[PDB]
Structure formats: C-alpha cells, structure tokens
There are 4 protein chains.
Amino acid sequence: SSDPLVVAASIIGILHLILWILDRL
Amino acid sequence: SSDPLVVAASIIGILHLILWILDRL
Amino acid sequence: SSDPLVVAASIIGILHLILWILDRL
Amino acid sequence: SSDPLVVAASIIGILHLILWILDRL
Ligand SMILES: N[C@]12C[C@H]3C[C@H](C[C@H](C3)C1)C2
C-alpha cells in the first residue's frame with residue numbers, strides 16, 4: 001500500500017475528471 | 001512523511017476540486 | 001517503476017489538462 | 001529526488017490551477 005492522502009488524491013483526480021466531462025456533455 | 005511537493009500537490013487537488021464544485025453550484 | 005494507480009493518475013492529470021485547454025481554445 | 005513523471009505531474013497540477021483561476025477572474 002501507499003499513504004492515504006496520496007491514494008485519496010489519486011481517486012479524486014479521477015472522480016473530478018468524470019464530473020468535468022459529464023458537465024461538458 | 002512524504003516530500004512537500006507531493007503532499008502539497010495533493011492538497012491542491014482537493015482545494016481546486018471544491019472551488020470548481022462551488023463555482024458550478 | 002511505481003504503483004499503477006499513482007502512475008495512472010499522473011497521466012490523467014495530463015490528459016485532463018489538454019482537454020481543458022483545447023476546450024478553451 | 002523522486003521520479004520525473006510524479007514530479008512533473010505535481011507541477012502541472014499547480015500550473016493548471018493558476019490558469020483555471022486566472023480564467024475565472
Ligand atoms: N493530481 C495528482 C494528485 C496526486 C499528486 C500528483 C500526482 C498524482 C497524485 C496526481 C498530482
């Protein structure tokens with residue numbers, strides 16, 4: 001495993017991408 | 001701990017998310 | 001190498017940048 | 001040091017923030 005801030009941030013940068021893309025569509 | 005660029009960047013990707021979301025609302 | 005979530009996220013933050021920039025233009 | 005993809009990505013997430021903020025203003 002890695003540290004929970006690093007991992008958490010990673011997931012965020014995925015979720016925030018979907019939201020942004022969804023908004024555009 | 002980790003390195004301050006890595007950690008700092010992590011926090012940014014959270015703050016930038018809130019700002020973006022807040023703007024949408 | 002590093003872990004595939006970390007690396008994958010890195011690439012995303014690049015692709016998402018291009019898309020955003022392209023949209024602005 | 002860390003790996004150049006990780007570091008590079010970190011900087012990007014800062015630059016992309018400024019650009020986004022500047023655009024809003
Ligand atoms: N946006 C990023 C969040 C976190 C730190 C850095 C590298 C990875 C993980 C993607 C920038």
# chains A, B, ... in the order shown; residues from 1 in each chain; ligands from 1

call {"tool": "residues_around", "arguments": {"residues": "residue 10 of chain A", "least_positions_apart": "4", "cutoff": "7 Å", "atoms": "only C-alpha atoms", "output": "number ranges by chain"}}
result
A: 6, 14; C: 5-6, 9

call {"tool": "write_last_selection", "arguments": {"atoms": "C-alpha atoms", "output": "CSV table (one decimal), in the first residue's frame"}}
result
chain,number,residue,atom,x,y,z
A,6,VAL,CA,-1.7,10.1,-1.8
A,14,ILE,CA,-10.4,10.5,-11.4
C,5,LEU,CA,-2.8,4.0,-9.5
C,6,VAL,CA,-0.2,6.6,-8.9
C,9,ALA,CA,-3.4,9.2,-12.1

call {"tool": "interface_residues", "arguments": {"of": "chain A", "to": "chain C", "cutoff": "10 Å", "atoms": "only C-alpha atoms", "output": "PyMOL selection string"}}
result
chain A and resi 1-2+6-7+9-14+16-18+20-21+24

call {"tool": "write_last_selection", "arguments": {"atoms": "C-alpha atoms", "output": "PDB file, in the first residue's frame"}}
result
ATOM      1  CA  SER A   1       0.000   0.000   0.000  1.00  0.00           C
ATOM      2  CA  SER A   2       0.795   3.718  -0.051  1.00  0.00           C
ATOM      3  CA  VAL A   6      -1.675  10.076  -1.829  1.00  0.00           C
ATOM      4  CA  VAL A   7      -4.159   7.383  -2.679  1.00  0.00           C
ATOM      5  CA  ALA A   9      -5.879  12.279  -4.041  1.00  0.00           C
ATOM      6  CA  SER A  10      -5.461   9.850  -6.878  1.00  0.00           C
ATOM      7  CA  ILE A  11      -9.074   8.816  -6.756  1.00  0.00           C
ATOM      8  CA  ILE A  12     -10.165  12.410  -6.591  1.00  0.00           C
ATOM      9  CA  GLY A  13      -8.340  13.277  -9.764  1.00  0.00           C
ATOM     10  CA  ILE A  14     -10.385  10.547 -11.360  1.00  0.00           C
ATOM     11  CA  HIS A  16     -13.170  15.189 -10.746  1.00  0.00           C
ATOM     12  CA  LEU A  17     -12.410  14.163 -14.342  1.00  0.00           C
ATOM     13  CA  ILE A  18     -15.673  12.351 -14.796  1.00  0.00           C
ATOM     14  CA  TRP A  20     -15.944  17.674 -15.603  1.00  0.00           C
ATOM     15  CA  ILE A  21     -16.504  15.522 -18.637  1.00  0.00           C
ATOM     16  CA  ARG A  24     -19.295  19.231 -20.830  1.00  0.00           C
TER      17      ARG A  24
END

call {"tool": "select_by_dssp", "arguments": {"residues": "chain C", "states": "helix (DSSP H, G or I)", "output": "list in words"}}
result
residues 4, 5, 6, 7, 8, 9, 10, 11, 12, 13, 14, 15, 16, 17, 18, 19, 20, 21, 22, 23 and 24 of chain C

call {"tool": "decode", "arguments": {"residues": "chain C", "atoms": "N, CA and C atoms", "output": "PDB file, in the first residue's frame"}}
result
ATOM      1  N   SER C   1       9.951   1.119 -11.334  1.00  0.00           N
ATOM      2  CA  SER C   1       8.525   1.507 -11.527  1.00  0.00           C
ATOM      3  C   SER C   1       7.884   1.956 -10.240  1.00  0.00           C
ATOM      4  N   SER C   2       6.628   2.453 -10.343  1.00  0.00           N
ATOM      5  CA  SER C   2       5.817   2.834  -9.211  1.00  0.00           C
ATOM      6  C   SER C   2       4.543   2.037  -9.336  1.00  0.00           C
ATOM      7  N   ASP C   3       3.501   2.391  -8.541  1.00  0.00           N
ATOM      8  CA  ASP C   3       2.266   1.634  -8.442  1.00  0.00           C
ATOM      9  C   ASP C   3       1.309   2.132  -9.503  1.00  0.00           C
ATOM     10  N   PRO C   4       0.392   1.335 -10.057  1.00  0.00           N
ATOM     11  CA  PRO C   4      -0.289   1.667 -11.299  1.00  0.00           C
ATOM     12  C   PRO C   4      -1.346   2.734 -11.126  1.00  0.00           C
ATOM     13  N   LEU C   5      -1.891   2.931  -9.904  1.00  0.00           N
ATOM     14  CA  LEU C   5      -2.825   3.977  -9.504  1.00  0.00           C
ATOM     15  C   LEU C   5      -2.111   5.320  -9.510  1.00  0.00           C
ATOM     16  N   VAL C   6      -0.948   5.342  -9.019  1.00  0.00           N
ATOM     17  CA  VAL C   6      -0.158   6.565  -8.937  1.00  0.00           C
ATOM     18  C   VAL C   6       0.248   6.997 -10.339  1.00  0.00           C
ATOM     19  N   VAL C   7       0.697   6.096 -11.100  1.00  0.00           N
ATOM     20  CA  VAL C   7       1.147   6.373 -12.459  1.00  0.00           C
ATOM     21  C   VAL C   7      -0.053   6.723 -13.325  1.00  0.00           C
ATOM     22  N   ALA C   8      -1.070   5.988 -13.201  1.00  0.00           N
ATOM     23  CA  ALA C   8      -2.283   6.191 -13.989  1.00  0.00           C
ATOM     24  C   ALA C   8      -2.838   7.578 -13.706  1.00  0.00           C
ATOM     25  N   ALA C   9      -2.843   7.952 -12.501  1.00  0.00           N
ATOM     26  CA  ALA C   9      -3.369   9.246 -12.086  1.00  0.00           C
ATOM     27  C   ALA C   9      -2.519  10.354 -12.688  1.00  0.00           C
ATOM     28  N   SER C  10      -1.283  10.129 -12.780  1.00  0.00           N
ATOM     29  CA  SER C  10      -0.346  11.112 -13.315  1.00  0.00           C
ATOM     30  C   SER C  10      -0.697  11.400 -14.768  1.00  0.00           C
ATOM     31  N   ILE C  11      -0.915  10.398 -15.505  1.00  0.00           N
ATOM     32  CA  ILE C  11      -1.235  10.527 -16.921  1.00  0.00           C
ATOM     33  C   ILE C  11      -2.568  11.243 -17.076  1.00  0.00           C
ATOM     34  N   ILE C  12      -3.462  10.956 -16.234  1.00  0.00           N
ATOM     35  CA  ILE C  12      -4.796  11.545 -16.278  1.00  0.00           C
ATOM     36  C   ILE C  12      -4.685  13.054 -16.109  1.00  0.00           C
ATOM     37  N   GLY C  13      -3.938  13.464 -15.179  1.00  0.00           N
ATOM     38  CA  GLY C  13      -3.759  14.885 -14.891  1.00  0.00           C
ATOM     39  C   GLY C  13      -3.052  15.550 -16.059  1.00  0.00           C
ATOM     40  N   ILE C  14      -2.557  14.754 -16.993  1.00  0.00           N
ATOM     41  CA  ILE C  14      -2.005  15.397 -18.183  1.00  0.00           C
ATOM     42  C   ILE C  14      -3.073  15.459 -19.264  1.00  0.00           C
ATOM     43  N   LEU C  15      -3.726  14.400 -19.473  1.00  0.00           N
ATOM     44  CA  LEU C  15      -4.760  14.310 -20.498  1.00  0.00           C
ATOM     45  C   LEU C  15      -5.862  15.313 -20.190  1.00  0.00           C
ATOM     46  N   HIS C  16      -6.300  15.424 -18.916  1.00  0.00           N
ATOM     47  CA  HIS C  16      -7.372  16.290 -18.486  1.00  0.00           C
ATOM     48  C   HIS C  16      -6.990  17.727 -18.713  1.00  0.00           C
ATOM     49  N   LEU C  17      -5.665  18.011 -18.717  1.00  0.00           N
ATOM     50  CA  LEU C  17      -5.142  19.353 -18.943  1.00  0.00           C
ATOM     51  C   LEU C  17      -5.306  19.717 -20.412  1.00  0.00           C
ATOM     52  N   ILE C  18      -4.975  18.837 -21.251  1.00  0.00           N
ATOM     53  CA  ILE C  18      -5.055  19.060 -22.691  1.00  0.00           C
ATOM     54  C   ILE C  18      -6.508  19.279 -23.083  1.00  0.00           C
ATOM     55  N   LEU C  19      -7.355  18.493 -22.582  1.00  0.00           N
ATOM     56  CA  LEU C  19      -8.777  18.572 -22.890  1.00  0.00           C
ATOM     57  C   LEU C  19      -9.315  19.924 -22.445  1.00  0.00           C
ATOM     58  N   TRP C  20      -8.937  20.339 -21.315  1.00  0.00           N
ATOM     59  CA  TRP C  20      -9.395  21.603 -20.753  1.00  0.00           C
ATOM     60  C   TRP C  20      -8.865  22.750 -21.602  1.00  0.00           C
ATOM     61  N   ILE C  21      -7.658  22.672 -21.964  1.00  0.00           N
ATOM     62  CA  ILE C  21      -7.012  23.713 -22.758  1.00  0.00           C
ATOM     63  C   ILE C  21      -7.639  23.748 -24.143  1.00  0.00           C
ATOM     64  N   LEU C  22      -7.862  22.635 -24.692  1.00  0.00           N
ATOM     65  CA  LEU C  22      -8.432  22.523 -26.029  1.00  0.00           C
ATOM     66  C   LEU C  22      -9.833  23.121 -26.030  1.00  0.00           C
ATOM     67  N   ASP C  23     -10.524  22.939 -24.991  1.00  0.00           N
ATOM     68  CA  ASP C  23     -11.889  23.433 -24.866  1.00  0.00           C
ATOM     69  C   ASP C  23     -11.872  24.955 -24.814  1.00  0.00           C
ATOM     70  N   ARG C  24     -10.938  25.487 -24.156  1.00  0.00           N
ATOM     71  CA  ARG C  24     -10.813  26.932 -24.002  1.00  0.00           C
ATOM     72  C   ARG C  24     -10.528  27.560 -25.357  1.00  0.00           C
ATOM     73  N   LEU C  25      -9.674  26.978 -26.081  1.00  0.00           N
ATOM     74  CA  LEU C  25      -9.287  27.485 -27.392  1.00  0.00           C
ATOM     75  C   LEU C  25     -10.478  27.406 -28.334  1.00  0.00           C
TER      76      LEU C  25
END
